Amino acid sequence: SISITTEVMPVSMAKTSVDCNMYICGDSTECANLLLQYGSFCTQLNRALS
Amino acid sequence: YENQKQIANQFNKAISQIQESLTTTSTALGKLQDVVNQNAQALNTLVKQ
Amino acid sequence: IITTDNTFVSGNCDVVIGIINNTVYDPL
Ligand SMILES: *[C@@H]1O[C@H](CO)[C@@H](O)[C@H](O)[C@H]1NC(C)=O
Ligand SMILES: *[C@@H]1O[C@H](CO)[C@@H](O)[C@H](O)[C@H]1NC(C)=O
């Protein structure tokens, strides 16, 4: 007999990007001043998601 | 056996072409460069903190 | 034993390098 069967495999997943300042602070300038004390966290997270 | 000399010459020319291709400024080794580049940026970020 | 059963024929004995002279049995 001749049998035809199916294999289903994942190749990729959805890309995504996060704005660090917009998620944490939004439009505030006072929040943006205090976020600078924590260092370069947003550049690392953007680099990893990229 | 009947075409031994042709195969020998093609083998030698292919080895020579690999030799020049590695010489004339290749990025084919770029996969080994990233393993160096990704670690140095990891340690520059630790010192900056 | 070298026989026509387990050998196959191609070309002349000039182009091959290292060829020898030997008898080949024919199973008839
Ligand atoms: C094997 O090599 C030797 C030494 O290089 C040479 O004298 C001889 O003719 C060679 N035999 C064959 C069958 O190539
Ligand atoms: C095989 O036989 C031929 C017949 O003349 C001869 O010319 C040749 O030299 C022989 N080959 C060897 C290796 O003796």
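Protein sequence lines correspond, in order, to chains A, B and C. Per our numbering, the very first residue in the first sequence carries number 248; after that it's consecutive. Per our numbering, the very first residue in the second sequence carries number 1103; after that it's consecutive. Per our numbering, the very first residue in the third sequence carries number 2; after that it's consecutive. Note that the Cβ used here is the ideal one computed from N, Cα and C, for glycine as well.
Do you know how far the Cα of residue j is from the Cα of residue i?
i: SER11 (chain C); j: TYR1103 (chain B); result: 11 Å
i: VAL1137 (chain B); j: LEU1148 (chain B); result: 17 Å
i: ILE18 (chain C); j: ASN1105 (chain B); result: 11 Å
i: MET269 (chain A); j: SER1123 (chain B); result: 48 Å
i: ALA295 (chain A); j: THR253 (chain A); result: 35 Å
i: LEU281 (chain A); j: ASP266 (chain A); result: 17 Å
i: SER248 (chain A); j: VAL258 (chain A); result: 32 Å
i: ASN1146 (chain B); j: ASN1139 (chain B); result: 11 Å
i: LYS262 (chain A); j: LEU292 (chain A); result: 14 Å
i: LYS1107 (chain B); j: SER1118 (chain B); result: 17 Å
i: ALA1144 (chain B); j: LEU1131 (chain B); result: 21 Å
Near residue i, what residues of its chain come up, given a Cβ to Cβ distance below 6 Å and the 5 sequence neighbours on each side ignored?
i: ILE3 (chain C); result: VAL25
i: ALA279 (chain A); result: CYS272
Report all residues from its chain with a CB closer than 8 Å to the CB of residue i; omit the five preceding and five following residues, and keep chain order.
i: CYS14 (chain C); result: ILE20
i: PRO28 (chain C); result: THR4, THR5, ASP6
Say whether chain B places a C-beta atom closer than 7 Å to the C-beta of residue i.
i: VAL10 (chain C); result: no
i: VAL25 (chain C); result: no
i: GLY286 (chain A); result: yes
Just to confirm my understanding: we take residue i, look at its own chain, exclude 5 residues before and 5 after, and list those with CB closer than 7 Å. What are they?
i: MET256 (chain A); result: none
i: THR1129 (chain B); result: none
Cβ atoms of residue j and residue i: under 7 Å apart, would you say?
i: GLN1151 (chain B); j: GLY273 (chain A); result: no
Which chain D residues are close to residue i, counting only those with a beta carbon under 8 Å from its beta carbon?
i: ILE18 (chain C); result: The question asks about chain D, but that chain is absent: this structure's protein chains are A, B and C.
* Asked: Taking Cβ-Cβ distances below 8 Å as the criterion, which residues of the stretch 1128-1151 of chain B are in contact with chain A?
  -> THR1147, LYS1150, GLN1151
* Residues of the stretch 1106-1126 of chain B whose Cβ lies closer than 7 Å to any Cβ of chain C, in chain order -> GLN1106
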